[PDB]
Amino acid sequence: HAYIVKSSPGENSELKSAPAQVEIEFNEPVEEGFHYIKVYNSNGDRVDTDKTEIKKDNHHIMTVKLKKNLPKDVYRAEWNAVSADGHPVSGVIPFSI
């Protein structure tokens, strides 16, 4: 199974300014089909603003752009990807502004 190595925002992090994106780095590459990061505010509204992209030169990295000037709130980045080894993986990265 692929595992998160690191993310920006980090899990349960408290940000100092509004982020432009959510970025996730996996220990092994992840595949194109069905990947996503969907980001929600605490009202359940979507705050990502673009389709999720696997980095063109690095299939370990997945990013999604965010709406500008997000307010102070608690957020949930819900992610899904298919591992290089075939296993579907998913999770949530909570963070706050």
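Throughout, we count residues from 1 along the sequence that is shown.
In this PDB entry, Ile24 carries a Cα temperature factor that places it within the lowest third of its chain's modelled residues.
Ranked against the other modelled residues of its chain, the C-alpha B-factor of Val39 as given in the entry falls in the lowest third. Annotation for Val89: CA B-factor lies in the middle third of the chain's modelled residues.
Among the modelled residues of the chain, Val82 sits in the lowest third by CA temperature factor in this PDB entry.
Placement of the Cα temperature factor of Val74 within the chain: lowest third of the modelled residues, per the deposited record.
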